[PDB]
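K.L.:
Below is the structure I would like to discuss, written out as structure tokens.
Bear in mind these aren't lab numbers, they're just calculated from the coordinates by the rules spelled out. Cβ atoms come from the backbone with ideal geometry, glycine included; neighbour counts cover every protein chain shown.
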Number of protein chains: 2
Amino acid sequence: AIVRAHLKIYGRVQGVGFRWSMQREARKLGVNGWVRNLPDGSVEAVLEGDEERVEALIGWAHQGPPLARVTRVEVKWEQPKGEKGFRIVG
Amino acid sequence: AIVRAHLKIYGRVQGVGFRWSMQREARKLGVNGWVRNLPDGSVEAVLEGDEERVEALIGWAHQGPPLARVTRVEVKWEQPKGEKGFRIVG
Ligand SMILES: [Cl-]
Ligand SMILES: [Cl-]
Ligand SMILES: [K+]
Ligand SMILES: [K+]
């Protein structure tokens, strides 16, 4: 089924390539959406596509790139909005 | 590469078949470890195996079975211990 996951990711997650690496992984998986930094130090993302591929990216987001140290992820499931491509937006 | 993720999972996560569904998904994916209910209403799990399989299960854990509502997952990455099979402990 097609799903849309809205994430907030916490930890040592800025300045370590999280957004670029997420985008690379989304494009490999065929997941559309976006990622951005928030001013509290967290990362916000929208992941939209086939449930298996979205879940794969959610799981990836608990590890992140080598220097990320994620402590927690929050997911809110949403109705698909027809995201096209995976973009870094902030 | 082999990884080990230690999770605490919060929300409406007990009394919804979460442990049974996680066990099913773990066995499907070939992830080793365990899951248990905690007295504060949260779920604790250890997931160990190939990183792609573990990541798929972590992603699944934010959806859960149909009635599950997962509000957050806390994660700690650990040194693998040699878990074999997945079981429910508590
Ligand atoms: Cl970044
Ligand atoms: Cl259960
Ligand atoms: K990492
Ligand atoms: K659910």
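K.L.:
Zone of residue B:6 (label point 7 Å along Cα→Cβ, backbone N under 12 Å): which residues in region B:23-55?
P.N.:
B:45-47
K.L.:
May I pose another question? Could you give, in nm with one decimal, how far residue B:44 is from each other copy of that position, shortest first, with labels 7 Å out from Cα toward Cβ?
P.N.:
With the label placed 7 Å along Cα→Cβ, residue B:44 yields 3.4 nm.
K.L.:
Same structure, new question: Mind pulling the angle between the C-alpha long axis of helix A:18-29 and the longest principal axis of chain A? Nearest 10 degrees, somewhere in 0 to 90.
P.N.:
Helix A:18-29 sits roughly 30 degrees off the main axis of chain A.
K.L.:
Cross-link candidates for residue B:81: which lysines have Cα within less than 26 Å, leaving aside residues fewer than 8 places away along the same chain?
P.N.:
B:8, B:28
K.L.:
I've got another one for you. For chain A, with equal point scatterers placed on the C-alpha atoms only and solvent neglected, what are the log10 I(q)/I(0) values from the Debye formula at q = 0.17, 0.20 1/Å, to two decimals?
P.N.:
Ignoring solvent entirely, the Cα scatterers give -0.60, -0.84.
K.L.:
Moving on. Calculate for chain A the 222 nm mean residue ellipticity that helices alone would give, adding -39,500 (n - 2.57) per DSSP H run of length 4 or more and normalising by residue count, nearest 500 deg cm²/dmol.
P.N.:
Computed mean residue ellipticity for chain A: -8000 deg cm²/dmol.
K.L.:
Suppose you put the label 7 Å out from Cα in the Cβ direction; list, shortest first and in nm with one decimal, how far residue B:27 is from each other copy's label.
P.N.:
Its label point is 4.1 nm from the equivalent points in the other copies.
K.L.:
Okay, moving on. Output, in nm with one decimal and in ascending order, the distances from the residue B:81 label point to the matching label points of the other copies (7 Å from Cα along Cα-to-Cβ).
P.N.:
4.2
K.L.:
Determine which chain A residue has its Cβ at minimum distance from the rotation axis mapping A onto B, giving the value in whole Å.
P.N.:
Here the nearest residue and distance are A:59, 2.
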